[PDB]
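The block underneath contains the structure these notes are about, expressed in structure tokens.
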Amino acid sequence: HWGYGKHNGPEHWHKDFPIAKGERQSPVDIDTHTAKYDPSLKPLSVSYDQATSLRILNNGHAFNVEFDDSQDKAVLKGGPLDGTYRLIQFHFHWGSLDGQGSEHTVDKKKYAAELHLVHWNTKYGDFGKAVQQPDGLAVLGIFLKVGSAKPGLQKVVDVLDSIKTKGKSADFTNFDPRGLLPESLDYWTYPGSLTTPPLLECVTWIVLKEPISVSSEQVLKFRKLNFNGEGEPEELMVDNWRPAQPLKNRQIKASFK
Ligand SMILES: [Zn+2]
């Protein structure tokens, strides 16, 4: 089935998921000289004070940190959004080397990794309904560069040994996602898709301009994870990123000058 290899990677996905070649696929290259400032865009409201993490799972493609989304505890609003979007999970994409790993690119620059905080529009009642709608999800994307350690990431890094292989999960309570955010909330926004199958065109992307810094040791621990299940041939979980897709008939808007 689908993955990130020669035989089942991004270049193959369109045979199972023909929407791969659609009009609003993600990620994209952000060309900072053609993104237009939109003074009508509001500041982003990220309200994570009551966020309730539950569990961390190796799904064979990444690891997901999952949240209780059964009430309005952690929500994204404002910016380009109408209405309220509830946090359900976050995950990352990363490289085998520090020079690649991000999904979005900025003027063709690849970062070492990219964090995705996934939120669903409460007017659709649940996640599965929301992904069927063009405004169903809002994904906050944050780039990671290698430099100083990110203290707020360490709790994640130190549980990874317990979820090494596909299908493994661990309790992951009381994790505060505010510690993964950069200082500035300046962003770019555009309409797009999920970046993994089923590649549904349901996402308002909100990509922050300012990266976070993580240390080489932190990223090294991500690269020890496995795509495989326990007692299968080891295949390191690296390069779990989809390359940039054609922008087509879209505009990328900036919240800042
Ligand atoms: Zn993602």
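In chain A, numbers come from Swiss-Prot; the residues present are 4-260, in order.
Here the Cβ of each residue, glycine as well, is placed from N, Cα and C on the backbone.
Zn(2+) binding, as stated in Swiss-Prot, involves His94, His96; the candidate among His119, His122 given for that site is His119.
Note on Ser99, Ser165, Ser196, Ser216: Swiss-Prot annotates phosphoserine at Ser165; no matching annotation appears for the rest, which is not proof of its absence. In Swiss-Prot, the annotation phosphoserine falls on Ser172, out of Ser105, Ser172. For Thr199 (substrate binding site), other Cβ atoms within 10 Å of its Cβ number 22. Most Cβ neighbours within 10 Å, among the recorded positions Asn67, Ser165, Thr198: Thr198 holds that distinction in the structure as shown.
Using a 10 Å Cα-Cα cut-off from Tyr7 (site 'Fine-tunes the proton-transfer properties of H-64'), the recorded positions that qualify among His64, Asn67, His94, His96, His119, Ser172 are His64. Listed in sequence order, the recorded positions from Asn62, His64, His94, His119, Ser165 having a Cα within 10 Å of the Cα of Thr199 (substrate binding site) are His64.
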